[PDB]
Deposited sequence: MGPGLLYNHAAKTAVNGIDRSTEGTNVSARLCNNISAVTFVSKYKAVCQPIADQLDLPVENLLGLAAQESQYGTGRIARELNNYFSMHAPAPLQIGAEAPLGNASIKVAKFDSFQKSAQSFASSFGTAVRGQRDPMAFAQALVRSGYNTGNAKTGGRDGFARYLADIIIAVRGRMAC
């Protein structure tokens, strides 16, 4: 119930849940793990890097499949679409996170891979894991 009242968040999850599925499948991940990561990086699709650059994983440039780069010291990649940004994430970090289905294990693998250095109340992993669980619920809305 409560989850479904955040219209911005539900809109994002409804928009991209299906396109995330085959990428998650290829990485042996629950779709909510991948979609949850996008929700974290893009503020449920409301951040500028996502809106303007289609970079829903806030990938630093250079990244595979990028069509350009822009500073937001560090440049961020531009992509053709959400899907391409997800494929870029998979290209660079997929092998490192594959099969890490438990949300905490997933977040921990993200840190090990160097996606984020990851080092409020909760630490990096618990915070992301909570977003993944929220996304799972919002998929029902």
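Residues 1 to 28, 101 to 104, 152 to 155 of the deposited sequence, counted from 1, carry no C-alpha coordinates in the model.
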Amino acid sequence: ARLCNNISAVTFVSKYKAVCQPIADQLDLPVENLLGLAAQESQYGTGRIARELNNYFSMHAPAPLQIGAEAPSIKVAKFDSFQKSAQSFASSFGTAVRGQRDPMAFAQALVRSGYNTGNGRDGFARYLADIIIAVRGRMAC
From here on, numbers count along this sequence of modelled residues.
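104 to 112 and 33 to 41 differ in mean CA B-factor, and the higher of the two is recorded for 104 to 112. Comparing 42 to 50 with 88 to 96, the higher mean C-alpha B-factor in the PDB entry belongs to 88 to 96. Across the residues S73, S58, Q66, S81, the deposited record lists the maximum Cα B factor for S73.
The entry lists a Cα temperature factor for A125 that places it in the highest third of the chain's modelled residues. Split the chain's modelled residues into thirds by C-alpha temperature factor. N6 is in the middle one.
When the modelled residues of the chain are ordered by their C-alpha B factor, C141 lands in the highest third. Among the modelled residues of its chain, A18 has a C-alpha B-factor that falls in the lowest third according to the deposited record.
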